[PDB]
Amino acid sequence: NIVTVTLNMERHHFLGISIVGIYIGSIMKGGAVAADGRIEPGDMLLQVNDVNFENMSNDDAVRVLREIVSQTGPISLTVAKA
């Protein structure tokens, strides 16, 4: 089950996720992801905007998320539900 979740990123500064395939390791208080509710811990992160996460190292995925969260605009996260 694959779901795409688009977040406006206007009411919250950060996603509020940790990443540990790349999985959502945790969802944190105060982030856009927790407020939205559609993504859950354990979901597998497949794509963020136009960046596919296949074969990506954890360090590179953190760098990608940092760069995307730092730029203004919506963020679309495609996950496979746990």
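The first residue of the sequence shown is number 1, and the count goes up from there.
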query: Missing from the model but present in the deposited sequence, between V69 and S70; finding: none
query: 51-59 or 23-31, whichever carries the higher mean Cα B-factor; finding: 51-59
query: Chain-relative CA temperature factor third for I2; finding: highest
query: B-factor third for the C-alpha atom of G73 within its chain; finding: highest
